[PDB]
Structure formats: C-alpha cells, structure tokens
C-alpha cells in the first residue's frame, strides 16, 4: 500500500558474544528470516529461512551468549560455517523467485546488517551484497510514528520491547531465539502499517562519509560500553550507515552506492577511510579489527 515492495523479509542475526567485552569478533551463529506479503498483508511463517551457523574464531559459546540467544552448544557443533549457510540463503532467494531490488530486508536496528553482516562478510571474505546495503530500519520508522501519534514514556529497554509496548502487542516467545525476534518484528511491522505507518528503505550503506575524516576521540574504556564501542565499529568497518529521507528512495537505486555512484560489485572492495590513527598503538590493539584483518 504505502510500501514500494511487494515482499519484505524480516531478517535477524544472532552472534557469538561476551557481554562484558565489546572488543569481540562477533560471528553469526543463527540466521533467521520470515517473509511478509505486503499487498495481501500476510505474515508468511511458512516462508522462512532458519539455520544455525558454526563459528570458527570462538567455537565455544560463552554462558552469557547461550543465555541471551537461547542457542545450545550442540546446535552449532553440528551446523555449517557461514559461507555454506549464506550460499543456501542465496539459493533460497532464487527458489522463492525473488527479483533483484523488488524486495527489501527489515530489521529492528542497524546492527544486523551494518555491523554483524558487514563484519561476518569480512571474516568469510564475501563481498557485501547489494540487498544488504539497503534496508528498512523499523525502529527508525517507529520513531517517526511516535511523534506522529503522540509520544509515550515506555518502560521496555529494547527496540522490539519498546515497539511491542507502544502498540500493546503480546511479546512473542516460542523458540526463544532469532526466529522469535523475526516474528515479533513482523507482527510489529504489520500492526504499524495497519496503524497507517509508511514503510520504506530508510538506511543505506555507503563507502564514505565526511564525519569520518577527522580522527575519533579515543575513549580508553570503550570496551565496556556498547555505545562507545559503536563509535569504534563505525571507523573500523568500511561501509557507513547513510540515512535516506522519506520520499527520496527509488527502486533504481539498487544496487548502486549512493556516494561514489558505482556498482556495489566494485564499491566496497577496499576501505576508503582506513582509521590509521586507531591502529598505531600496539599497547592497546583493537582485537576484533586485528583478527578480521583490517590491520
């Protein structure tokens, strides 16, 4: 209706982690997708992709990772590595008969594609695909919808939690894993357009930004702060999140980098703004950058 895509794929990654440490080489350990039929307004739970992934840098899930993701060790020990699962994911898109640029991924934040996908792609030496360099940040739309329908003071602490509390949606909790997030985001997505929300690609991944031209003011305790760690991630990772305002997105933007205006098969090969300033102190090295081979 108010969406230029006939199909929306609610995407969700879960990764390895150690809550107390942000200097961590997060590897994908679960890959979950559920399809949403936009014209017919139907969450297609029968149309889904849901695979575990075996990590290779940290092969034993920490206890806090298991508690957070709900993923047992046995499930990843018997899983394929990301390169195999990603290949199965690409075939899945073909099997569904999806065309390039006529569908878009939906996430509850930038984290899934800007950070998790981008970093995992580096580990696996896979080129960042064009359909991961444009997507729908649902929480960003939720922000706009909130000013429009009047704000509330929400008690929830997470993006999905806040959105469910705002629309008074019961928290979906069956599998207690990635697929549950997918289902919650999908239901939120559905309720949002039914409340009259306008859902479209609102974030793009580009190769360059002017705000990265000056060195980051280094915070020594960044490893204990998800917020400050984000600033580090922004400089290390080659592609940056670029907001695109409502009404400005065209389908023909797929798959051309908004900045350099070149195909995403050429753009994204090399880091255009390597943060050398962060890579010169060997008494305080960035572990996740070092092990991924950024320096």
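Positions refer to the first chain, counted from 1.
Annotation for 4-12 versus 286-294: the higher mean temperature factor (C-alpha) is found in 4-12. Looking at mean Cα B-factors across 200-208 and 152-160, the upper value is held by 152-160. Residue-level inspection of the entry shows that, of 171, 137, 120, 134, 171 has the top Cα B-factor. Listed residues 78, 144, 81, 127 were ranked by CA B-factor as deposited; 144 comes out on top. When all modelled residues of the chain are sorted by CA temperature factor, residue 56 is found within the lowest third. Among all modelled residues in this chain, the alpha-carbon of residue 257 has a temperature factor (C-alpha) in the middle third. The PDB entry assigns residue 103 a C-alpha temperature factor belonging to the middle third of its chain's modelled residues. Looking at the C-alpha B-factors along this chain, the one for residue 177 belongs to the highest third. Compared with the other modelled residues of the chain, the Cα B-factor recorded for residue 265 ranks in the highest third.
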